[PDB]
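Visitor: What follows is work01.csv; its format and atoms are CSV, C-alpha atoms and all ligand atoms.
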chain,number,residue,atom,x,y,z
A,1,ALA,CA,0.0,0.0,0.0
A,2,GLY,CA,2.6,2.5,1.1
A,3,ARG,CA,5.8,3.7,2.6
A,4,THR,CA,6.3,2.9,6.3
A,5,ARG,CA,8.7,4.8,8.6
A,6,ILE,CA,12.1,3.6,9.9
A,7,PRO,CA,13.9,5.1,12.9
A,8,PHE,CA,16.1,8.1,12.2
A,9,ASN,CA,19.8,7.4,12.7
A,10,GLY,CA,21.5,10.6,11.6
A,11,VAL,CA,21.8,12.5,14.8
A,12,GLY,CA,24.0,15.6,14.4
A,13,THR,CA,23.7,15.8,10.6
A,14,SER,CA,21.7,18.6,8.9
A,15,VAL,CA,19.0,16.6,7.2
A,16,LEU,CA,16.0,14.5,8.2
A,17,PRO,CA,15.1,12.2,5.3
A,18,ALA,CA,11.5,11.3,4.3
A,19,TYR,CA,9.7,8.7,6.4
A,20,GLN,CA,12.3,8.6,9.2
A,21,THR,CA,11.1,8.9,12.8
A,22,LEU,CA,13.0,11.4,14.9
A,23,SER,CA,12.4,10.5,18.6
A,24,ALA,CA,13.0,12.4,21.8
A,25,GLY,CA,16.6,13.3,22.5
A,26,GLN,CA,17.6,13.2,18.8
A,27,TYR,CA,18.7,16.3,17.0
A,28,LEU,CA,19.8,17.9,13.7
A,29,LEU,CA,22.7,20.4,13.6
A,30,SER,CA,23.3,23.0,10.9
A,31,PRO,CA,26.6,22.3,9.0
A,32,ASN,CA,28.3,25.2,10.8
A,33,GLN,CA,27.1,23.6,14.2
A,34,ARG,CA,25.6,26.9,15.3
A,35,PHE,CA,22.0,25.7,15.2
A,36,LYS,CA,20.4,22.6,16.7
A,37,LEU,CA,16.9,21.3,16.0
A,38,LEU,CA,16.0,19.2,19.1
A,39,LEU,CA,13.0,17.1,20.0
A,40,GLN,CA,12.8,17.5,23.8
A,41,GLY,CA,11.5,14.8,26.2
A,42,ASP,CA,8.7,17.2,27.2
A,43,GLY,CA,7.3,17.1,23.7
A,44,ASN,CA,8.5,20.5,22.5
A,45,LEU,CA,10.3,20.6,19.2
A,46,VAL,CA,12.9,23.3,19.5
A,47,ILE,CA,15.7,25.2,17.6
A,48,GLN,CA,18.7,26.3,19.7
A,49,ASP,CA,21.2,29.0,18.7
A,50,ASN,CA,24.6,28.4,20.2
A,51,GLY,CA,22.7,26.6,22.9
A,52,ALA,CA,19.9,29.1,23.4
A,53,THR,CA,16.3,28.3,22.5
A,54,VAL,CA,15.1,30.7,19.8
A,55,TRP,CA,12.1,28.8,18.4
A,56,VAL,CA,9.5,26.3,19.5
A,57,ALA,CA,7.0,24.6,17.3
A,58,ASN,CA,3.5,25.8,18.1
A,59,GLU,CA,0.2,27.4,16.9
A,60,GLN,CA,2.0,30.7,16.6
A,61,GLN,CA,4.1,29.5,13.7
A,62,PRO,CA,2.9,30.9,10.3
A,63,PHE,CA,1.8,28.3,7.7
A,64,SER,CA,1.4,25.5,10.3
A,65,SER,CA,-1.7,23.8,11.7
A,66,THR,CA,-2.4,22.1,14.9
A,67,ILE,CA,-5.1,19.3,15.1
A,68,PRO,CA,-6.2,16.9,17.8
A,69,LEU,CA,-4.2,13.7,18.3
A,70,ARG,CA,-6.7,11.1,19.6
A,71,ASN,CA,-4.3,8.1,19.7
A,72,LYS,CA,-3.0,7.5,23.2
A,73,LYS,CA,-0.6,4.9,21.9
A,74,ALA,CA,1.2,7.2,19.5
A,75,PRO,CA,4.8,7.8,20.7
A,76,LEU,CA,6.4,11.3,20.8
A,77,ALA,CA,7.7,11.6,17.2
A,78,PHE,CA,8.7,14.1,14.5
A,79,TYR,CA,8.8,13.0,10.9
A,80,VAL,CA,8.5,14.2,7.3
A,81,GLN,CA,5.9,12.8,4.8
A,82,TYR,CA,5.9,15.6,2.3
A,83,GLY,CA,4.6,17.8,5.2
A,84,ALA,CA,6.4,17.6,8.5
A,85,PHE,CA,4.5,16.3,11.5
A,86,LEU,CA,5.0,16.4,15.3
A,87,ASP,CA,3.0,13.7,17.2
A,88,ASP,CA,2.7,15.0,20.8
A,89,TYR,CA,0.1,13.0,22.8
A,90,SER,CA,1.1,14.9,26.0
A,91,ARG,CA,-0.7,17.9,24.6
A,92,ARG,CA,-3.3,16.0,22.5
A,93,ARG,CA,-1.9,17.5,19.3
A,94,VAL,CA,-0.4,16.9,15.9
A,95,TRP,CA,1.6,20.0,14.8
A,96,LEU,CA,2.1,20.0,11.1
A,97,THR,CA,3.4,22.2,8.3
A,98,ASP,CA,1.2,23.8,5.6
A,99,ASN,CA,3.5,23.2,2.5
A,100,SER,CA,3.0,24.7,-0.9
A,101,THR,CA,0.7,22.9,-3.3
A,102,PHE,CA,2.0,19.5,-4.2
A,103,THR,CA,2.7,18.7,-7.9
A,104,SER,CA,3.0,14.9,-7.8
A,105,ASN,CA,3.0,12.0,-5.4
A,106,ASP,CA,6.7,11.3,-6.0
A,107,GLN,CA,7.4,14.4,-3.9
A,108,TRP,CA,6.5,12.2,-0.8
A,109,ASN,CA,9.6,10.2,-1.4
A,110,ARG,CA,11.9,13.1,-2.3
A,111,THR,CA,11.1,15.7,0.4
A,112,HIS,CA,13.4,16.0,3.4
A,113,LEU,CA,13.9,18.6,6.1
A,114,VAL,CA,17.1,20.7,6.1
A,115,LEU,CA,18.5,22.7,9.1
A,116,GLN,CA,20.3,25.5,7.3
A,117,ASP,CA,23.3,27.5,8.4
A,118,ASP,CA,21.0,30.6,8.8
A,119,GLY,CA,18.8,28.8,11.3
A,120,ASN,CA,15.9,28.2,9.0
A,121,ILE,CA,14.4,24.8,8.7
A,122,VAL,CA,13.3,24.1,5.2
A,123,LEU,CA,11.4,21.3,3.5
A,124,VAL,CA,13.1,20.6,0.2
A,125,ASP,CA,11.9,18.4,-2.6
A,126,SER,CA,15.3,17.0,-3.5
A,127,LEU,CA,16.5,14.8,-6.4
A,128,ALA,CA,20.1,13.9,-6.9
A,129,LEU,CA,20.4,13.6,-10.7
A,130,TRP,CA,24.1,12.6,-10.4
A,131,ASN,CA,26.2,11.8,-7.4
A,132,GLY,CA,29.9,11.5,-8.2
A,133,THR,CA,30.8,10.4,-4.7
A,134,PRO,CA,28.1,8.1,-3.4
A,135,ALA,CA,30.1,7.2,-0.3
A,136,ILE,CA,30.3,10.8,0.9
A,137,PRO,CA,27.1,12.1,2.6
A,138,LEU,CA,25.2,14.9,0.9
A,139,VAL,CA,25.1,17.9,3.2
A,140,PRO,CA,22.6,20.5,2.2
A,141,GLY,CA,22.3,24.0,3.8
A,142,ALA,CA,26.1,24.7,4.3
A,143,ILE,CA,27.4,28.2,3.6
A,144,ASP,CA,30.8,26.8,2.6
A,145,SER,CA,29.5,24.7,-0.2
A,146,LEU,CA,30.4,25.8,-3.7
A,147,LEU,CA,27.4,25.9,-6.1
A,148,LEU,CA,27.7,26.3,-9.9
A,149,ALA,CA,24.7,27.5,-11.8
A,150,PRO,CA,23.9,26.1,-15.3
A,151,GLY,CA,26.0,27.9,-17.9
A,152,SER,CA,29.2,27.9,-15.8
A,153,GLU,CA,32.5,27.2,-17.6
A,154,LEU,CA,35.2,25.5,-15.5
A,155,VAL,CA,38.2,27.5,-16.6
A,156,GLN,CA,41.2,25.3,-17.0
A,157,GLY,CA,43.6,25.6,-14.1
A,158,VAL,CA,41.3,27.6,-11.9
A,159,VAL,CA,40.9,26.1,-8.4
A,160,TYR,CA,37.2,26.3,-7.3
A,161,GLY,CA,37.1,25.8,-3.5
A,162,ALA,CA,34.6,24.7,-1.0
A,163,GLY,CA,36.4,24.9,2.4
A,164,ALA,CA,39.4,22.6,2.0
A,165,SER,CA,38.0,20.7,-0.9
A,166,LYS,CA,38.3,21.7,-4.5
A,167,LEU,CA,37.2,21.1,-8.1
A,168,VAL,CA,39.7,21.7,-10.9
A,169,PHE,CA,39.8,21.3,-14.6
A,170,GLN,CA,43.5,20.5,-14.6
A,171,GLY,CA,46.4,21.2,-17.0
A,172,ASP,CA,46.5,17.5,-17.8
A,173,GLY,CA,42.8,17.7,-18.9
A,174,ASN,CA,41.4,15.7,-16.0
A,175,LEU,CA,38.4,17.1,-14.1
A,176,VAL,CA,39.0,16.3,-10.5
A,177,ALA,CA,37.3,16.9,-7.1
A,178,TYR,CA,39.7,16.8,-4.2
A,179,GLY,CA,38.5,16.1,-0.6
A,180,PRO,CA,39.7,17.9,2.6
A,181,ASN,CA,42.7,15.6,3.1
A,182,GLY,CA,44.0,16.4,-0.4
A,183,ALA,CA,43.0,13.1,-2.0
A,184,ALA,CA,40.8,12.9,-5.1
A,185,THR,CA,37.3,11.9,-4.2
A,186,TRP,CA,36.1,11.8,-7.9
A,187,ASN,CA,37.6,12.4,-11.4
A,188,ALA,CA,36.2,12.3,-14.9
A,189,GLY,CA,39.3,10.3,-16.1
A,190,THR,CA,39.8,12.6,-19.0
A,191,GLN,CA,43.6,13.2,-18.5
A,192,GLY,CA,45.6,12.8,-21.7
A,193,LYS,CA,42.6,12.6,-24.1
A,194,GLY,CA,42.9,16.1,-25.5
A,195,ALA,CA,40.4,17.8,-23.3
A,196,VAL,CA,39.9,21.5,-24.1
A,197,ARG,CA,36.8,22.5,-22.2
A,198,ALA,CA,34.8,21.6,-19.1
A,199,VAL,CA,31.4,23.1,-18.7
A,200,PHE,CA,28.3,22.8,-16.5
A,201,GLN,CA,25.9,23.6,-19.4
A,202,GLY,CA,22.6,25.5,-19.4
A,203,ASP,CA,20.8,22.2,-19.9
A,204,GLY,CA,22.2,20.9,-16.6
A,205,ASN,CA,24.7,18.5,-18.2
A,206,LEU,CA,28.3,18.6,-16.9
A,207,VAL,CA,30.5,17.9,-20.0
A,208,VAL,CA,34.2,17.6,-20.7
A,209,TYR,CA,34.9,18.3,-24.4
A,210,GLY,CA,37.9,17.4,-26.5
A,211,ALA,CA,39.1,18.7,-29.9
A,212,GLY,CA,36.2,19.3,-32.3
A,213,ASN,CA,33.5,19.3,-29.7
A,214,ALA,CA,34.1,15.6,-29.1
A,215,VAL,CA,32.5,14.4,-25.9
A,216,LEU,CA,35.0,12.8,-23.5
A,217,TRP,CA,32.8,12.5,-20.5
A,218,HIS,CA,29.4,13.8,-19.3
A,219,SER,CA,27.2,13.4,-16.2
A,220,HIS,CA,24.1,12.4,-18.3
A,221,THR,CA,22.0,15.0,-16.6
A,222,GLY,CA,21.0,16.9,-19.7
A,223,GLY,CA,17.5,18.4,-19.8
A,224,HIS,CA,17.4,19.8,-16.3
A,225,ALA,CA,17.9,23.6,-16.6
A,226,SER,CA,17.1,24.1,-12.9
A,227,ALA,CA,19.8,21.8,-11.6
A,228,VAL,CA,22.9,23.0,-9.7
A,229,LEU,CA,26.4,21.5,-9.4
A,230,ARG,CA,27.5,21.4,-5.8
A,231,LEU,CA,30.9,20.7,-4.3
A,232,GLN,CA,30.8,20.3,-0.6
A,233,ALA,CA,33.5,21.0,2.0
A,234,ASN,CA,33.6,17.2,2.7
A,235,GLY,CA,34.6,16.4,-0.9
A,236,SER,CA,31.2,15.4,-2.2
A,237,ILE,CA,30.3,16.4,-5.8
A,238,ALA,CA,26.8,16.1,-7.2
A,239,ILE,CA,24.2,17.6,-9.5
A,240,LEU,CA,20.8,18.2,-7.9
A,241,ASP,CA,17.4,19.3,-8.9
A,242,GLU,CA,15.8,20.9,-5.8
A,243,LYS,CA,13.0,23.2,-4.6
A,244,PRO,CA,11.8,24.2,-1.2
A,245,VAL,CA,8.1,23.6,-0.2
A,246,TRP,CA,8.1,25.1,3.4
A,247,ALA,CA,10.3,27.0,5.8
A,248,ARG,CA,9.9,28.5,9.3
A,249,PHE,CA,10.7,32.0,8.1
A,250,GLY,CA,10.9,33.7,4.7
A,251,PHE,CA,8.6,31.2,3.1
A,252,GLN,CA,5.2,32.2,1.7
A,253,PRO,CA,3.3,29.8,-0.4
A,254,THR,CA,2.8,32.3,-3.2
A,255,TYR,CA,6.4,33.6,-3.2
A,256,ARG,CA,9.1,32.7,-5.6
A,257,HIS,CA,12.0,30.6,-4.1
A,258,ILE,CA,15.5,31.6,-4.9
A,259,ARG,CA,19.0,30.8,-3.4
A,260,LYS,CA,20.8,33.6,-1.5
A,261,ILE,CA,23.7,35.1,-3.4
A,262,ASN,CA,27.3,36.2,-2.4
A,263,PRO,CA,28.3,39.8,-3.0
A,264,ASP,CA,29.9,38.5,-6.2
A,265,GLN,CA,26.6,37.2,-7.5
A,266,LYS,CA,27.5,33.5,-6.9
A,267,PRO,CA,24.6,31.4,-5.4
A,268,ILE,CA,24.9,29.7,-2.0
A,269,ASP,CA,23.1,26.6,-0.7
A,270,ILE,CA,20.6,28.6,1.4
A,271,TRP,CA,17.0,29.1,0.3
A,272,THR,CA,15.2,32.4,0.5
A,273,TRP,CA,11.9,33.9,-0.9
A,274,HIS,CA,10.5,36.9,-2.4
A,275,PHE,CA,7.6,38.2,-4.5
A,301,LIG,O1,42.3,10.1,-9.8
A,301,LIG,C1,42.6,11.5,-9.7
A,301,LIG,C2,44.0,11.7,-10.4
A,301,LIG,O2,43.9,11.3,-11.8
A,301,LIG,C3,45.1,11.4,-12.5
A,301,LIG,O3,46.1,10.6,-12.0
A,301,LIG,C4,46.0,9.2,-12.3
A,301,LIG,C5,47.4,8.8,-12.7
A,301,LIG,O4,47.7,9.4,-14.0
A,301,LIG,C6,48.4,9.2,-11.6
A,301,LIG,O5,49.7,9.1,-12.1
A,301,LIG,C7,48.0,8.3,-10.4
A,301,LIG,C8,49.0,8.5,-9.2
A,301,LIG,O6,49.8,9.7,-9.3
A,301,LIG,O7,46.7,8.5,-10.0
A,301,LIG,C9,45.7,8.4,-11.0
A,301,LIG,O8,45.4,7.1,-11.2
A,301,LIG,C10,45.6,12.8,-12.6
A,301,LIG,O9,44.8,13.6,-13.4
A,301,LIG,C11,45.7,13.4,-11.1
A,301,LIG,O10,46.1,14.8,-11.2
A,301,LIG,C12,44.4,13.2,-10.3
A,301,LIG,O11,44.6,13.6,-9.0
Show this structure as structure tokens.

Guide:
Amino acid sequence: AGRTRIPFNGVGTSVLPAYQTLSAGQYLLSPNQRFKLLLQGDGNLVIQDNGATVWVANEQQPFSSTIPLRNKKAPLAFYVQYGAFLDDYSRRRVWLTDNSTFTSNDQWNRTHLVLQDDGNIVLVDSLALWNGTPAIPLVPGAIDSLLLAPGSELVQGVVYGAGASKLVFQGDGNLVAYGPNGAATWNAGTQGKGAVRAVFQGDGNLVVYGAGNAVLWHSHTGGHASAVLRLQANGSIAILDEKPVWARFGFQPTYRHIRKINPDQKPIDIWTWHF
């Protein structure tokens, strides 16, 4: 019939995946460790800022609803199933988020909660089109991630950094991501093949071209103009198609979502909204 929930086992990371039960005592941390989202034993779901409570989930939160919980046997739990839900029998309530209008049932599988470095909690419909480093965790919401927008050329020799990690279209023609310890976490394997150009194209395909526009390697992610290329500080490299569907601040259901930008017009992995 449907998806059932499993227990959450990612305490201290920045993301609560779909259909995972966060129980009392468990918490998320923003990638910069400044913010913590904590389900307390008293049934309050709380965000702390360097250890000081600055938000509590209740009826006062815009775009949320509180309804009766009749089931006495329902454990204290917080989980995401497109919308987020807090089951709190101690106060006879289910506190839940009023997300923006759903577009397909597949969103139920793709939508997870992110605790961002700016303290916002955001529900994000997230699809990893390509993951170059499946062994390295995806870490959304980090100010130190490097994001490349579609239409971004990787200039040969330029070192694009995300913390201590880097992505480089090298002199030898290889396209390589290096992790924080200096070792390569991923490479296209295009060294010594005559590579002249590496580009994250407007169609969302990452492509390394040789002489005569010959294709040497590509991510097979063409046809996704809203995708971004992300290099994380932990060495992860991936191409993701993502959109937020709720947040505790900034979000309005009728507003346009957009990523915040650096003073040099480069996007960062933090969602914001406007008209
Ligand atoms: O795998 C990343 C690595 O790829 C290429 O190096 C390969 C080979 O040519 C090297 O000699 C050996 C050891 O030095 O490692 C690889 O198998 C290079 O493009 C290199 O810069 C890159 O880090």

Visitor: For atom CA of residue A:63 and atom CA of residue A:102, quote the distance in Å rounded to one decimal.

Guide: 14.8 Å

Visitor: For ligand LIG 301 (chain A), list the contacting residues at 9 Å or closer, counting all atoms listed in the file, as an MDAnalysis selection string.

Guide: chainID A and resid 170:178 183:192

Visitor: I'd like the contact shell of residue A:66 - 7 Å cut-off, all atoms listed in the file, skipping same-chain residues fewer than 4 positions apart - returned as a list in words.

Guide: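 Listed by chain and then number, they are residues 59, 93, 94, 95 and 96 of chain A.
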
Visitor: Where does stretch 195-228 of chain A meet stretch 119-129 of chain A within 10 Å, residue by residue, with the nearest atom pair and distance in Å to one decimal for each, counting only C-alpha atoms, listed by chain and rising number, as a Markdown table?

Guide:
| residue | atom | partner | partner_atom | distance |
| --- | --- | --- | --- | --- |
| A:204 | CA | A:129 | CA | 9.6 |
| A:205 | CA | A:129 | CA | 9.9 |
| A:219 | CA | A:129 | CA | 8.7 |
| A:220 | CA | A:129 | CA | 8.5 |
| A:221 | CA | A:129 | CA | 6.3 |
| A:222 | CA | A:129 | CA | 9.6 |
| A:224 | CA | A:129 | CA | 8.9 |
| A:227 | CA | A:129 | CA | 8.3 |
| A:228 | CA | A:129 | CA | 9.8 |

Visitor: What lies within 12 Å of residue A:39 using only C-alpha atoms, ignoring chain neighbours under 5 positions off, as a list in words?

Guide: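 That gives residues 11, 21, 22, 23, 24, 25, 26, 27, 28, 44, 45, 46, 47, 48, 53, 55, 56, 57, 76, 77, 78, 79, 86, 87 and 88 of chain A.
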
Visitor: Report, in Å to a single decimal, how far apart atom CA of residue A:169 and atom CA of residue A:157 are.

Guide: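 Computed distance, atom CA of residue A:157 to atom CA of residue A:169, equals 5.8 Å.
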
Visitor: Have a look at A:13, A:81, A:99, A:213 and name the one nearest to residue A:137; count all atoms listed in the file.

Guide: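 Closest candidate: A:13.
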
Visitor: Here is a test: counting all atoms listed in the file, which residue of A:159, A:199, A:16, A:67 is nearest to residue A:146?

Guide: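 Nearest candidate to residue A:146 out of A:159, A:199, A:16, A:67: A:159.
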
Visitor: Using all atoms listed in the file, find the one residue out of A:252, A:33, A:84, A:267 that sits nearest to residue A:111.

Guide: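 Nearest candidate to residue A:111 out of A:252, A:33, A:84, A:267: A:84.
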
Visitor: Please report the interatomic distance between atom CA of residue A:101 and atom CA of residue A:243 in Å with one decimal.

Guide: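 Straight-line distance from atom CA of residue A:101 to atom CA of residue A:243 works out to 12.4 Å.
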
Visitor: Taking (20.6, 19.5, 8.5) in the file's coordinates as the center, which residues reach within 7 Å of it, counting all atoms listed in the file, put as a PyMOL selection string?

Guide: chain A and resi 13-16+28-31+114-116+140-141
